[PDB]
Each structure stands twice: as C-alpha cells, then as structure tokens.
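Given as structure tokens, the chain that follows is alone and in the form deposited in one PDB entry.
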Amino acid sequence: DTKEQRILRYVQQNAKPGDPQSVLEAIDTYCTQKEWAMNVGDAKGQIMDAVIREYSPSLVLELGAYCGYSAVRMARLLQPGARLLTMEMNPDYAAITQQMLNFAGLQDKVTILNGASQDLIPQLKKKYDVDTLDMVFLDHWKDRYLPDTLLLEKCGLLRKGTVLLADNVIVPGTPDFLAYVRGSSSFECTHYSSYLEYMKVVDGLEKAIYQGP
C-alpha cells in the first residue's frame, strides 16, 4: 500500500460521496494528522479558489494531478459546462485522481489524462479538440514549468489573456520559470504569498497572464 492509496481510502471511509468539500476536508485532515503529502493545501487552495472565481475559465489545464486535490478544488468552482483537463504521468496516481473525482461527483467536468505533459500537450488540439486554454495550473516537476510553458506557446494553446497559475514558486521554487515570466514582456505577473501545505513555511503562487506573441 502507498501513502496516496491511504489518502484515497481515508476519503472513502470518512467523506460523503458527491460532496467535494467533504473530500477536501478529509484529505486535509489526513495530511495534517497522519502523513504529510504535496497537495496544494487549504492556505494556497483558498487563493486558487479566489482566482478561479475571478476569471471563470471555460477550459483549464492542470499539470500534475497527483491525488486530485487541486482538481477537486478547481472543478467544484467551474461554471456549468466549463471543463478541466488534468495530466498525470504516474498511472497509479492517475487512477487515484479519477477515483477521487468520481467520489466527489465531479467526473463529468474533468478529463484525467494519463501521460507526461511533453507527450500530451502536442495532442491537445487534435485529439482533445482544444482551441486555446483559458487557464493553466502548474504543479508538476518544478524544472518542467518553463519547458512546458514554452511548449504550450509553441503549440498555439495560449491566447491573449490566458492565466498561468504556478504552485511552489518559493518552496521548492522554480527559479528559471519565475525569472523568465517576471522578465518577459509576454507576461504580466502577480505574486500571492501564502504557506506551504500543512506547514508554517512561506510559499506562494505566481499568476502570469499571457500577453500574446
């Protein structure tokens, strides 16, 4: 058994099917009382909720689902008919995420794509019928934030006004990404200071809005 499987089982044993908030609470409780895990957490999660409500995106991409905590957060706030695509390379975690979303009742709003972002991003247009993305949440390996931002642009998936939202810009940090977006005329950036999930350690989210080529 893995820690990720243990989180899923705790939600199944302690939350209410079809109630996303109960799922989020259960995961937070497990990760605070039993075993830490790299979910975005409630502190940063409340900032993400405020961003999602401000922008009301019709199509969101998440890079790195993990166990589906942030996918539950985001999908529960989507307007009716809006959609989330979430990419997760680890097949075990992809299945956990699918089951988390099923449990929460959010499965009709989300598509969980099992594969690496560098493989799946170039397929979005033709295979997933994407035109452009309204919002992207970056939460995968930190050294892939910049490569994948640049791939998304190459592939034509960013429009003027696409909102990038990046986790962990302080801890662990993503120094190439952060320097790049902050220094580029192609992005307008805002920093939201917060705390690392389940810890009294400063972290933050970066919002970087694409300005066009």
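Throughout, rigid core stands for the largest set of C-alpha atoms superposing within 1.5 Å between the two forms. One-based numbering along the sequence shown. Only residues modelled in both forms are compared.
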Mean Cα B factor from the PDB record: higher for 160 to 168, or higher for 26 to 34?
26 to 34
Compare the mean C-alpha B-factor of 68 to 76 with that of 126 to 134 as given in the PDB entry, and name the stretch with the higher value.
126 to 134
Highest CA B factor of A15, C189, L196, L205, as deposited, is found at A15
By the record's CA B-factor, is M89 among the lowest, middle or highest third of residues in the chain?
middle
Is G183 in the lowest, middle or highest third of its chain when residues are ranked by C-alpha B-factor?
highest
Within this chain's modelled residues, let me know which third the CA B factor of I52 belongs to: lowest, middle or highest.
highest
Which third of the chain does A95 land in by C-alpha B-factor: lowest, middle or highest?
lowest
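Another form exists, deposited in another entry; not displayed. Remarks below refer to it.
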Is it true that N39 shifts between the shown form and the other one by 2 Å or more at the Cα, once the core is aligned?
yes
Using the rigid core as the reference frame, would you say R9 shifts its C-alpha by 2 Å or more between the shown form and the other one?
no
Core-superposed C-alpha of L205 shifting 2 Å or more between the shown form and the other one
no
Have a look at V201 and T190: in that other deposited form, are their Cα atoms closer together or farther apart than in this form, given the change is 3 Å or more?
closer
Between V202 and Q21, does the Cα distance in that other deposited form come out closer or farther than in this form, changing by 3 Å or more?
closer
Moved runs of 3+ residues, each with a C-alpha displacement of 2 angstroms or more between the shown form and the other one on the rigid core
37 to 42, 195 to 203
